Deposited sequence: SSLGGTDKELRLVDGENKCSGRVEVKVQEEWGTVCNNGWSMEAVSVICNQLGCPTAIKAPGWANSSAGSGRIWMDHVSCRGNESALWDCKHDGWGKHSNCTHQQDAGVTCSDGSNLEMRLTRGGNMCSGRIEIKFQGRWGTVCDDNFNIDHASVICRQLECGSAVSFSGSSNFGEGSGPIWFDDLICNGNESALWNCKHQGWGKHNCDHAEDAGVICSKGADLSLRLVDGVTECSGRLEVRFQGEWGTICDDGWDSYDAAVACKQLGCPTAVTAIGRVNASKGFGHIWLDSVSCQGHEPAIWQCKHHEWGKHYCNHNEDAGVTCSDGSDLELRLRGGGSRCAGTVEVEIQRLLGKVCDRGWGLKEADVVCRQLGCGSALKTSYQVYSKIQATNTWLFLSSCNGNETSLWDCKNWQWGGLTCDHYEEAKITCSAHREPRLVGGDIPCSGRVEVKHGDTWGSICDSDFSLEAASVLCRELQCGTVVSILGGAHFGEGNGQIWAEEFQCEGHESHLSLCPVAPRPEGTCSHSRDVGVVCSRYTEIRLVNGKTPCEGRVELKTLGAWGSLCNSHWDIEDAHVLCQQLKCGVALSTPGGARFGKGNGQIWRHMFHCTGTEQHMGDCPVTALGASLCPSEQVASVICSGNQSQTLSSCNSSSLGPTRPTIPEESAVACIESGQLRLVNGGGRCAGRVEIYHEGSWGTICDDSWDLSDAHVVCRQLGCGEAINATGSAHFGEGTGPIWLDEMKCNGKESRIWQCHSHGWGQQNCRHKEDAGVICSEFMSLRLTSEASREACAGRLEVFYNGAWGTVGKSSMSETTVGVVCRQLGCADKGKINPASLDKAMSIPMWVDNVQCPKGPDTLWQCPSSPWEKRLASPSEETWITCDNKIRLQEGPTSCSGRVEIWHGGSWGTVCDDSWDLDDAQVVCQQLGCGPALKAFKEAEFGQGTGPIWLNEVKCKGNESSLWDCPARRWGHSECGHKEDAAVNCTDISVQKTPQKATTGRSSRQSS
């Protein structure tokens, strides 16, 4: 050529705008057809304008005038000038004036990136300089890849690159970039695909930002719920305390948070409020979490600020370790002293604040079935540590103890001598070998395919139906109230052998007959069974292995009293306690007059009553409350004959446990 001159028109400065070439003394444009960054680089180098920041071809710099010179330029990048690639003619083009190609050159744009108004030198609102003036970046299409590119471009930690300005307000001035599409490896934010500079409809409320952190100053915790891992989510990112907006916050993100904190799964998107929390104007916005993420920081496109959580609440959560129970000190699997982990510390529970509903929730959560009994007074051993002063107000249907409403008390409840114990139903311990009496024996006399199917859980005659989850739910077969032991089998009655009759077997018999918890052996039809040995856990005699039925001086037993007086100077004075439903309960004081005291005193065995006490004179009792509002006539032989709101469903509390004072 050597006589052709070109210029860039309508681009703010001399190194940007439409491509215009002079030929035959006429200013003409260039098509966008087969136009890419190679042509822009060639043009920018030709004008001594540096490299090519970007190229545009839809006449974004306006529609030019004059004849289009080139249509399909094939430029590989290393050309001396634009009018040297092959193209397809000088003035031949199937183009319009809407296809004028425009370029933006390096020394004209003079691009640079910076972070403004953040909690750190690498966080806050992202601002880009274009043609000498600073402008923000619209957050449309702004995601973790863009944040990573920006963080690595500013040259500071890129371990975790969140999006959203931390606490910066809306920027002032232009908004240059929009819909930035980075792959995560571009040298700078403007080498990525994006909308043309300044072409968008974004307001300044949508300014994009980043949070460049080295995965070490991101902290998450739950505050206000009375435990380490139950309460409102409170994120601390680079010393800035904020919360999580509950928009698109379900059990998946909650489970992610719980796994991050190390408290198993998430049960509830709320909590029982124990303490207030500081108000924080910055929020964390989660787009979507898969649910298997080891941490919330590994979720996809979580904004740290930059939006308003006005019509949404703070993200609340209750992990399954708020009150995570366990049973220790029990020889059989599903029995033992109750120990509940209040977040991270294991501690026992007093027997005066653990109702049958709470024990049922405990047995259900621990996959232990239903509750058999509540054994107070540290039955399974003295627990070392602390005693939680929380009274569980369980309804009885909660999946976990964490969901139970809790009413803590300020004062100490009791010493470790009154640790509560709970015995659940599933005592099978089967792995085919089965463990009873402390011996690991091997169980096919009555082993069907349903028993094998149930053994789903992973000479006893299991009767599984193939549906129950655990072998404990399977009805197992292995075999007034003071006299000779008689057993009914094959349509005939017979005695029970006294050989190898331990105290556990007598207790099991008494509990099954529902008139005591223990018993004693006393001296004196054929004999059906002999050598009965009961393990701990079965409430019925027929779950005890023994010698086979041999139809051919016997077990005379006297069960203990159903009613006893506890915490008294003598055996005929103290808080009244009765036995029913498997566990020792108490009697409320509602209308507890002297007739009730007379009935109790004559049932214990000693003489007349003196004074019927009220409101837990001798202290709160163990187990549940069985009897309340007893209208004894003063002549009933036993307390069970008097009308009352018998056997549970009583609105009384353990602070109103009745008491009597009988003659010695």
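According to the record, C-alpha coordinates are lacking for deposited residues 1-112, 544-554, 567, 580, 584-605, 627-792, 838-844, 873-877, 990-1009.
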